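Here we start with a single chain on its own, the form deposited in one PDB entry, put down as structure tokens.
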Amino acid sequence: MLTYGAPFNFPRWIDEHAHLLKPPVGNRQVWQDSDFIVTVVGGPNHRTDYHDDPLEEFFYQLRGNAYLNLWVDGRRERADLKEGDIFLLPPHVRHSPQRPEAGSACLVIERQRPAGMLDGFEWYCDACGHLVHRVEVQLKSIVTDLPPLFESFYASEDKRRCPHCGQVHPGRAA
């Protein structure tokens, strides 16, 4: 049967979930227990962590504008997600999404990761660019598997300390 239910109007769904598409929640997954992880991400939200996804990520910036801070070819780059833009991110490209605008909405589509295929989350030194800390996770649920990871980095000067220049990373806000 239709495990994930009947078709429904997407703009209306987004409107009805507007209260979840802003802090502190910020995002909302559309269907549960599906292979395709379909999420709408709102704003505002700024962050310092970079994601290393072992699979591809599809973006369609439906409302408002956002941007991804990236590492490409060993250098810091920015991919703008202007309203109306689509984008396909290859596996393992490190990315830190920034969503400055309230009322923005981005469709993000990913795949469930098989057992053994791990996600990485990491931070880089603002002073010398060296990797400061990386955690790998078997990502089953973003809601329980991810916030403690971030929280543990912010709470530890050891985790935040650059091994190259010794600068302590700011933590939650750059």
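From 1 onward, residues are counted along the sequence shown. C-alpha atoms forming the largest set that superposes within 1.5 Å between two forms make up the rigid core.
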Averaging the C-alpha temperature factors as deposited, the higher value of 87 to 95 versus 70 to 78 falls on 70 to 78
Which of 139 to 147 and 104 to 112 has higher mean CA B factor, as the PDB entry lists it = 139 to 147
Divide the modelled residues of the chain into thirds by Cα B-factor and specify which third, lowest, middle or highest, holds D33.
-> highest
For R63, the third of its chain by CA B-factor is the lowest
Just say lowest, middle or highest third for the CA B-factor of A127 relative to the other modelled residues in its chain.
-> highest
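Absent from the display: the form deposited in another entry. The rest refers to it.
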Report the residue, chosen from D145, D52, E56, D126, for which the CA moves 2 Å or more between the shown form and the other one after the rigid core is overlaid.
-> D145
After the core is matched up, is the C-alpha of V25 off by 2 Å or more between the shown form and the other one?
-> yes
Against the displayed form, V143 vs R28 by Cα, in that other deposited form, with 3 angstroms or more change: pair is closer
